[PDB]
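Novice: Let me give you the structure first, and then I'll get to my questions.
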Amino acid sequence: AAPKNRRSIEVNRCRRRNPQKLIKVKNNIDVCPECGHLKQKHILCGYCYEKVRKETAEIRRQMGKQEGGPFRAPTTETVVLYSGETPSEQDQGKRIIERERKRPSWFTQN
Amino acid sequence: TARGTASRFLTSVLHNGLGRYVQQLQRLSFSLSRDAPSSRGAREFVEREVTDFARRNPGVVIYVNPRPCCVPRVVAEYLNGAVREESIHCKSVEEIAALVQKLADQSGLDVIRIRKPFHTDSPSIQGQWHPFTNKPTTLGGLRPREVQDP
Amino acid sequence: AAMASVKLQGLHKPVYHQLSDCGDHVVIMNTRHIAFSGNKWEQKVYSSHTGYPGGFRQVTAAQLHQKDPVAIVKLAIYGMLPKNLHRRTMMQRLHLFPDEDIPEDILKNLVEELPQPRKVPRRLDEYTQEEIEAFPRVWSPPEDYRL
Amino acid sequence: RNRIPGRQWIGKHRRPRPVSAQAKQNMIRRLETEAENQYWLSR
Amino acid sequence: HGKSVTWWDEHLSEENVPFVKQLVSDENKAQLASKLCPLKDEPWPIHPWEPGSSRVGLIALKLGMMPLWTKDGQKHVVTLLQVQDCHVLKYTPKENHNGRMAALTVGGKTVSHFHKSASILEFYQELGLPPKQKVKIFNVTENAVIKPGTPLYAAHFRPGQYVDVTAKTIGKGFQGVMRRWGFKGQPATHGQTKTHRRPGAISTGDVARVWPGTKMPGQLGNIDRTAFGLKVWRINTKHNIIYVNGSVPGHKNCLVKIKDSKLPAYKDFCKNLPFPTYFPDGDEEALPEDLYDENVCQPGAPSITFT
Amino acid sequence: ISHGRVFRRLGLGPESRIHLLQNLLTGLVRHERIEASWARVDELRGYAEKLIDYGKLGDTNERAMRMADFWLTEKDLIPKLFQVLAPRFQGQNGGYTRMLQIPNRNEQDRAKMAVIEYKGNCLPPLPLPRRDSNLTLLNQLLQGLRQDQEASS
RNA sequence: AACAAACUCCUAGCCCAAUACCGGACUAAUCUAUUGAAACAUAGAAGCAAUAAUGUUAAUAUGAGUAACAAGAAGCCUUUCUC
RNA sequence: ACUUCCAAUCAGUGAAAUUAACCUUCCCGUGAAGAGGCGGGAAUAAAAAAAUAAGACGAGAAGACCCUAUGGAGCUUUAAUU
RNA sequence: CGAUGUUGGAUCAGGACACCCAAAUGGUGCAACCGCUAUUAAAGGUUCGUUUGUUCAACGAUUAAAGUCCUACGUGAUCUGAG
RNA sequence: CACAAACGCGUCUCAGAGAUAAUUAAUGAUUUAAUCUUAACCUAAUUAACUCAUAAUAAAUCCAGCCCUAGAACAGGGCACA
Ligand SMILES: [K+]
Ligand SMILES: [K+]
Ligand SMILES: [K+]
Ligand SMILES: [K+]
Ligand SMILES: [K+]
Ligand SMILES: [Mg+2]
Ligand SMILES: [Mg+2]
Ligand SMILES: [Mg+2]
Ligand SMILES: [Mg+2]
Ligand SMILES: [Mg+2]
Ligand SMILES: [Mg+2]
Ligand SMILES: [Mg+2]
Ligand SMILES: [Mg+2]
Ligand SMILES: [Mg+2]
Ligand SMILES: [Mg+2]
Ligand SMILES: [Mg+2]
Ligand SMILES: [Mg+2]
Ligand SMILES: [Mg+2]
Ligand SMILES: [Mg+2]
Ligand SMILES: [Mg+2]
Ligand SMILES: [Mg+2]
Ligand SMILES: [Mg+2]
Ligand SMILES: [Mg+2]
Ligand SMILES: [Mg+2]
Ligand SMILES: [Mg+2]
Ligand SMILES: [Mg+2]
Ligand SMILES: [Mg+2]
Ligand SMILES: [Mg+2]
Ligand SMILES: [Mg+2]
Ligand SMILES: [Mg+2]
Ligand SMILES: [Mg+2]
Ligand SMILES: [Mg+2]
Ligand SMILES: [Mg+2]
Ligand SMILES: [Mg+2]
Ligand SMILES: [Mg+2]
Ligand SMILES: [Mg+2]
Ligand SMILES: [Mg+2]
Ligand SMILES: [Mg+2]
Ligand SMILES: [Mg+2]
Ligand SMILES: [Mg+2]
Ligand SMILES: [Mg+2]
Ligand SMILES: [Mg+2]
Ligand SMILES: [Mg+2]
Ligand SMILES: [Mg+2]
Ligand SMILES: [Mg+2]
Ligand SMILES: [Mg+2]
Ligand SMILES: [Mg+2]
Ligand SMILES: [Mg+2]
Ligand SMILES: [Mg+2]
Ligand SMILES: [Mg+2]
Ligand SMILES: [Mg+2]
Ligand SMILES: [Mg+2]
Ligand SMILES: [Mg+2]
Ligand SMILES: [Mg+2]
Ligand SMILES: [Mg+2]
Ligand SMILES: [Mg+2]
Ligand SMILES: [Mg+2]
Ligand SMILES: [Mg+2]
Ligand SMILES: [Zn+2]
């Protein structure tokens with residue numbers, strides 16, 4: 001079908017500015033206690049997660065160099081140790097990942 | 001049309017004509033030329049009628065400023081502050097006299113639509129109609145179906 | 001409705017004008033006892049359509065008055081007022097009551113009562129004995145006839 | 001519901017518009033005037 | 001002031017979330033168990049049965065369906081309706097609701113306080129009951145009025161009675177004209193092009209419009225419906241379960257409004273029934289575990305012999 | 001009418017749905033923390049819960065071995081499942097994995113992301129939403145009720 | 001009776017409708033001859049005036065942010081898997 | 001009944017026929033003879049999204065049918081001239 | 001005639017009563033049964049098949065009955081194209 | 001019927017009062033008979049519509065998130081013991 005007449009701008013403005021078609025505001029925005037940036041209540045902080053993801057990639061990159069083959073996987077548990085630390089008695093019998101940087105604050109040793 | 005332009009009520013400035021009549025025209029300024037053929041009507045008016053016009057109307061001040069111009073103009077100012085521009089470009093002598101005489105008789109208010117052809121203050125002599133001006137009063141002011149107190 | 005239409009519009013005020021909001025409330029009581037002239041109780045019909053197919057309803061004047069007591073008077077006025085958009089506004093000022101049961105709020109607002117447009121004739125039992133003796137006996141019936 | 005066939009003022013079938021009491025008086029008033037008209041022309 | 005949205009669990013600490021749940025839970029049991037004496041807490045006067053009187057219905061939960069057999073060998077299907085928490089909420093005078101019959105308000109099963117409106121929670125606080133899920137209005141004559149806060153049980157209906165059922169049916173969403181109204185479709189293979197389930201012509205040429213009553217595709221299912229003339233076969237006492245013949249509208253685990261049948265044949269069939277309702281305290285006797293209709297084959301009855 | 005349907009239509013059909021979750025589950029076992037679309041991660045949670053249940057059965061049970069053969073498409077992860085993941089989970093019954101909503105991906109599609117991981121993984125902890133401390137004003141007021149309640153009852 | 005016209009009186013006038021064809025008086029904007037010199041006058045000349053040709057060119061809208069278009073997954077980021 | 005491509009919501013890019021102006025209702029009557037616009041009556045807070053195609057004598061092609069034009073052309077011959 | 005798309009079916013039917021059935025009743029060359037005829041009533045209903053492109057008609061089986069007609073002889077921006 | 005559902009071929013339910021047209025009968029006058037009466041009063045037998053009894057709907061102002069036998073979007077029902 002084809003339109004019969006040109007829509008006037010008075011009609012178009014009513015349709016294009018109806019409250020349904022407008023952008024709704026968000027009232028669930030909060031400041032992250034740790035870093036002070038912005039995040040939603042039900043969503044993890046973007047800055048804090050990006051902080052973790054960068055560190056996780058570095059740890060995984062070190063693991064790749066410790067298993068050259070593409071089908072080599074450990075048969076035991078894994079523990080990550082940073083500079084200035086030594087494996088504990090309970091941590092023995094597990095593969096050791098060494099990182100040169102100082103242990104990050106958020107990461108907690110057990 | 002009437003819906004397009006503004007409107008005003010019939011009003012006389014400063015309650016003119018009540019105690020005494022004051023000619024509301026204040027001054028005129030003629031801007032004519034001494035060489036332009038289109039200013040011939042203005043020049044003939046100045047030589048003949050301007051001197052006699054000033055005598056009849058001592059309440060107006062007439063300024064004549066012959067300067068190089070192409071369209072002769074006459075500017076009339078009134079007491080209330082309204083200035084009205086006019087063009088006397090290429091008009092006969094008697095047409096200028098009629099045009100100037102008309103400017104002398106105008107009150108100076110804006111020439112727009114007048115809503116009513118009359119104006120009055122306190123028109124309600126001997127009272128104005130209200131829905132109680134012709135209804136008889138009932139004994140005791142009783143409503144149509146009101147029960148008496150006793 | 002003829003006098004009620006005038007009061008609602010304001011055609012009784014010498015200050016009348018359609019643009020102005022001049023208008024007077026009218027309270028009509030005892031609307032169950034209206035008296036249609038002639039056989040209009042059975043001949044006049046009020047018809048309306050609900051919109052849906054097969055929804056054309058025609059109701060006799062007697063049937064409508066038996067269901068909605070004030071419908072006869074309200075429709076009569078609703079058709080006599082001017083057909084502009086003010087008719088809806090000025091119908092809200094019309095108050096109809098089937099009998100003499102008026103809220104005290106409405107009663108305190110009244111001013112005057114309009115006269116009845118039709119003089120109600122009185123029945124035979126309402127004539128006083130003085131009137132009966134005053135009216136002459138037109139004829140003399142025979143004494144031997146049995147009524 | 002009931003229609004006048006064709007145009008309502010021309011043809012075989014027309015509108016049944018009757019003569020009114022006002023129209024009868026207008027004819028009589030003109031007739032009385034013309035009755036006086038033909039008397040002043042008589043002599 | 002653009003105040004942020006909040007919920008009950010937002011600011012509660014991990015050591016207090018279990019505590020608050022215990023706090024509200026203990027309140028519900030105390031409130032529910034304090035209403036179990038309708039005849040010991042100064043109830044409204046009880047009047048004897050009169051012709052043309054109407055009783056008070058219940059709000060029950062639809063469990064499922066079971067087969068049931070009668071003594072003549074026929075098979076019937078019964079729907080298990082369970083009454084979980086039924087209390088009369090408020091009483092409306094005759095002249096303030098309809099002008100002919102009084103209105104009694106009955107609530108549904110218990111729900112959580114944390115997800116109801118402020119006014120709804122405040123209303124129940126004054127009465128002293130936990131919030132209800134569904135609330136319905138019952139038309140009751142003045143001679144069968146019940147004091148608000150009086151509990152109701154499945155024994156309110158005695159087996160042998162015919163009852164109605166009102167509940168929202170199963171919503172099937174935006175369904176086409178063939179499913180919604182049952183129009184026949186166009187043929188499938190004899191050349192038909194892009195037309196197999198469409199309504200087809202919807203009006204006539206002359207009218208140049210579509211009548212308001214025309215059937216068109218739209219919403220189907222999620223509306224209120226009522227089933228009439230459902231006979232009550234078996235009543236269970238301890239679990240408060242009502243067995244109704246046939247199929248009742250509504251999906252499983254929905255709330256169903258039950259009332260006495262209004263059919264002309266089933267009029268005045270309440271003289272031999274509790275009035276205005278079954279009060280367990282007044283009888284001072286234990287009802288049977290299950291109440292059976294006279295035509296029902298009980299599970300502990302000898303097998304049918306047509307001798 | 002999708003009443004009672006607990007599964008989701010993903011990929012090119014019912015067969016592609018399994019294979020999409022087969023690759024995701026393989027990545028989850030090897031890396032112990034992966035991120036994908038929220039809808040696909042939600043489906044993957046159900047299988048990751050029950051895969052550990054098959055792992056607890058043992059290395060000798062044939063059904064567990066065949067079930068782990070199909071889902072672990074990389075053949076060097078079967079020994080890991082029966083000797084690392086299964087021994088680690090012996091206490092809890094269903095608390096095997098965590099799901100949290102990662103913010104939307106910084107790309108055109110703007111999909112809703114989620115992060116799925118196994119308990120006790122050898123990775124930095126996620127920024128979990130921490131509840132209010134008991135020293136807060138609202139918590140302190142409520143603790144007053146509990147101390148008084150426990151004193152009498 | 002009353003209310004009711006382009007009719008007819010009343011008060012001022014510049015003192016009586018129209019399609020094809022025909023008659024007349026003025027006139028917007030250009031150039032030239034003399035004037036004019038904060039933009040005109042008397043004349044002589046013309047590419048001398050666009051609410052209408054499914055008109056031409058260019059720019060804008062409406063239909064419409066509608067129809068329709070695309071990148072297999074995870075990760076250690078380019079290596080393993082699913083087809 | 002169930003799947004895939006469409007579909008509806010979100011993010012990116014974003015076209016076409018069409019359009020005198022529209023603040024774009026129903027009924028009966030009228031009328032260049034089938035009215036959203038006239039007359040007599042009815043109905044009537046304003047907008048958005050998704051659907052069905054009765055009407056807008058819907059959109060598309062200066063009707064292929066039919067006739068007219070001292071308008072063309074192809075074919076045939078016992079038309080005229082050659 | 002700078003276009004009002006043309007038979008029959010399919011889907012959906014809106015309406016009229018000059019009624020085929022269902023309900024009430026008068027008359028009879030109406031004993032009953034089966035009929036003929038007239039008045040009143042339009043809320044609901046009015047079948048499935050062989051041949052023909054067929055509407056129509058013939059024939060088989062059945063039904064309380066298989067009504068007459070208008071609606072662009074309804075309905076192709078919903079379908080069919082046998083004619 | 002290879003989903004926890006949908007579906008028919010399967011199962012369930014389906015109503016009282018008023019009111020009428022033709023017609024039939026009682027009482028009775030113009031016409032002291034008779035006569036159902038566009039004569040009055042009262043009253044009787046009586047089509048279908050139609051109207052209504054009755055039934056359904058019912059709480060203004062928690063709502064970020066998750067679930068749902070609620071759903072295109074938007075809405076709606078749950079999230080205390082589960
Ligand atoms: K005619
Ligand atoms: K249409
Ligand atoms: K034509
Ligand atoms: K019919
Ligand atoms: K007689
Ligand atoms: Mg006509
Ligand atoms: Mg005539
Ligand atoms: Mg649904
Ligand atoms: Mg079919
Ligand atoms: Mg095709
Ligand atoms: Mg097809
Ligand atoms: Mg129409
Ligand atoms: Mg819908
Ligand atoms: Mg689902
Ligand atoms: Mg897809
Ligand atoms: Mg889920
Ligand atoms: Mg006049
Ligand atoms: Mg003329
Ligand atoms: Mg002509
Ligand atoms: Mg010139
Ligand atoms: Mg030109
Ligand atoms: Mg132009
Ligand atoms: Mg065109
Ligand atoms: Mg043009
Ligand atoms: Mg340009
Ligand atoms: Mg646009
Ligand atoms: Mg569109
Ligand atoms: Mg699309
Ligand atoms: Mg988009
Ligand atoms: Mg409008
Ligand atoms: Mg018409
Ligand atoms: Mg009108
Ligand atoms: Mg009109
Ligand atoms: Mg759309
Ligand atoms: Mg649409
Ligand atoms: Mg038009
Ligand atoms: Mg058409
Ligand atoms: Mg067209
Ligand atoms: Mg042509
Ligand atoms: Mg031809
Ligand atoms: Mg010719
Ligand atoms: Mg020729
Ligand atoms: Mg030629
Ligand atoms: Mg040639
Ligand atoms: Mg020859
Ligand atoms: Mg056209
Ligand atoms: Mg047909
Ligand atoms: Mg029909
Ligand atoms: Mg008839
Ligand atoms: Mg019959
Ligand atoms: Mg046709
Ligand atoms: Mg056709
Ligand atoms: Mg087509
Ligand atoms: Mg069509
Ligand atoms: Mg053919
Ligand atoms: Mg007699
Ligand atoms: Mg009702
Ligand atoms: Mg809710
Ligand atoms: Zn942060």
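None of the figures in this text is laboratory data; all of them are computed from the coordinates on show. Please note: Cβ atoms are built from the backbone with ideal geometry, for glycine as well, and neighbour counts cover all protein chains shown.
For (1) within 8 Å of chain A (Cβ to nearest Cβ); (2) surrounded by 15 or more Cβ atoms within 10 Å (Cβ to Cβ), each residue gets a yes or a no:
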{"position": "F:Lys75", "(1), (2)": "yes, no"}
{"position": "F:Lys80", "(1), (2)": "yes, yes"}
{"position": "F:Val84", "(1), (2)": "yes, yes"}
{"position": "F:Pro87", "(1), (2)": "no, no"}
{"position": "F:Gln90", "(1), (2)": "no, no"}
{"position": "F:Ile102", "(1), (2)": "yes, yes"}
{"position": "F:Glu107", "(1), (2)": "no, no"}
{"position": "F:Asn121", "(1), (2)": "no, yes"}
{"position": "F:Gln147", "(1), (2)": "no, no"}
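Novice: Just the residues that are within 14 Å of another protein chain (Cβ to nearest Cβ), away from ligand 14 (no atom under 16 Å from the Cβ) and assigned to a loop (DSSP other than H, G, I, E, B), please, taken from region E:172-198.
Specialist: Listed by number, the list holds a single entry, E:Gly176.
Okay, residues lined up against (1) crowded, with 17+ Cβ neighbours inside 10 Å; (2) under 14 Å from E:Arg158 (Cβ atoms); (3) touching a residue at least 12 places away in the same chain (Cβ under 8 Å):
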| site | (1), (2), (3) |
| --- | --- |
| E:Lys194 | no, no, no |
| E:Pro199 | no, no, yes |
| E:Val207 | no, no, no |
| E:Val210 | no, no, no |
| E:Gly213 | no, no, no |
| E:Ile235 | yes, yes, yes |
| E:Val256 | yes, no, yes |
| E:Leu263 | no, no, yes |
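Novice: For region F:75-117, give me each residue that is among the acidic types (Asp, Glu) and over 18 Å from F:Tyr47 (Cβ atoms).
Specialist: Within region F:75-117, F:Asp76, F:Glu107, F:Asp109 meet the criteria.
Novice: Specify which of the listed residues (E:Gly246, E:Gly229, E:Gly221) is among the small types (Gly, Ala, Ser), touching a residue at least 12 places away in the same chain (Cβ under 8 Å), in contact with a strand residue (DSSP E or B) (Cβ under 8 Å, 6 or more places away or on another chain) and within 14 Å of another protein chain (Cβ to nearest Cβ).
Specialist: After applying the criteria, what remains is E:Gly221.
Novice: Name every residue in region A:53-84 that is of a type in the set (D, E, K, R) and either over 25 Å from F:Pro87 (Cβ atoms) or touching a residue at least 40 places away in the same chain (Cβ under 8 Å) (or both), in order of residue number.
Specialist: A:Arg53, A:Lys54, A:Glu55, A:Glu58, A:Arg61, A:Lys65
Novice: Looking only at region E:219-273, count how many residues are within 16 Å of ligand 13 (Cβ to nearest atom) and within 15 Å of the chain's Cα centre (by Cα).
Specialist: 1
Novice: Hey, among B:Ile125, B:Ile96, which residue is β-branched (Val, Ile, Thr) and part of a loop (DSSP other than H, G, I, E, B)?
Specialist: Residue meeting the stated conditions: B:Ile125.
Novice: With the condition kept exactly as written, say whether any residue in region F:134-142 is within 11 Å of chain A (Cβ to nearest Cβ) and surrounded by 11 or more Cβ atoms within 10 Å (Cβ to Cβ).
Specialist: Looking through region F:134-142, none of the residues is within 11 Å of chain A (Cβ to nearest Cβ) and surrounded by 11 or more Cβ atoms within 10 Å (Cβ to Cβ).
Novice: Sticking with this structure for a sec: Could you look through region A:75-95, keep only residues that are surrounded by 14 or more Cβ atoms within 10 Å (Cβ to Cβ) and under 22 Å from A:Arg53 (Cα atoms), and pick out the one that is nearest to the other protein chains (Cβ to nearest Cβ)?
Specialist: Across region A:75-95, the extreme among qualifying residues is A:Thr78.
Novice: With E:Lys184, E:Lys194, E:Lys132, E:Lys172 as the choices, which residue is among the charged types (D, E, K, R) and more than 16 Å from RNA strand H (Cβ to nearest atom)?
Specialist: E:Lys132
Novice: So, in region C:76-120, exactly how many residues are assigned to a loop (DSSP other than H, G, I, E, B) and either within 14 Å of chain B (Cβ to nearest Cβ) or touching a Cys at 6+ places or on another chain (Cβ under 9 Å) (or both)?
Specialist: 15
Novice: Working only within region F:47-84, note down all residues that are aliphatic (A, V, I, L, M) and under 13 Å from the mean Cα position of the chain (by Cα).
Specialist: Listed by number, the residues that qualify are F:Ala48, F:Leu51, F:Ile52.
Novice: Looking at the structure I just gave you, is F:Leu142 of a type outside the set (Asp, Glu), part of a helix (DSSP H, G or I) and over 14 Å from the mean Cα position of the chain (by Cα)?
Specialist: So F:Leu142 fits the description; yes.
Novice: Going by the conditions given, is F:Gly94 more than 16 Å from ligand 1 (Cβ to nearest atom) and assigned to a loop (DSSP other than H, G, I, E, B)?
Specialist: In short, yes.
Novice: Looking only at region E:12-47, which residues are surrounded by 13 or more Cβ atoms within 10 Å (Cβ to Cβ), over 22 Å from E:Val111 (Cα atoms) and within 13 Å of another protein chain (Cβ to nearest Cβ)?
Specialist: Result: E:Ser13, E:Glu15.
Novice: Okay, moving on. F:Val84: assigned to a helix (DSSP H, G or I), out of contact with any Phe, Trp or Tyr (no Cβ under 8 Å at 6 or more places or on another chain), more than 16 Å from RNA strand I (Cβ to nearest atom) and free of Cβ contacts under 8 Å to residues at least 24 places away in the same chain, yes or no?
Specialist: Taking the combined requirement at face value, the residue satisfies it.
Novice: Moving to a separate point now. For the condition among the hydrophobic types (A, V, I, L, M, F, W, C), out of contact with any strand residue (DSSP E or B) (no Cβ under 6 Å at 6 or more places or on another chain), more than 16 Å from ligand 7 (Cβ to nearest atom) and in a helix (DSSP H, G or I), what is the one hit in F:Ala64, F:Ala36?
Specialist: Every option except F:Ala64 fails the conditions.
Novice: Continuing with the same structure: When you scan region F:20-38, do you find a residue that is surrounded by 15 or more Cβ atoms within 10 Å (Cβ to Cβ), away from ligand 11 (no atom under 16 Å from the Cβ), farther than 25 Å from A:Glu58 by Cα and of a type in the set (A, V, I, L, M), even just one?
Specialist: yes
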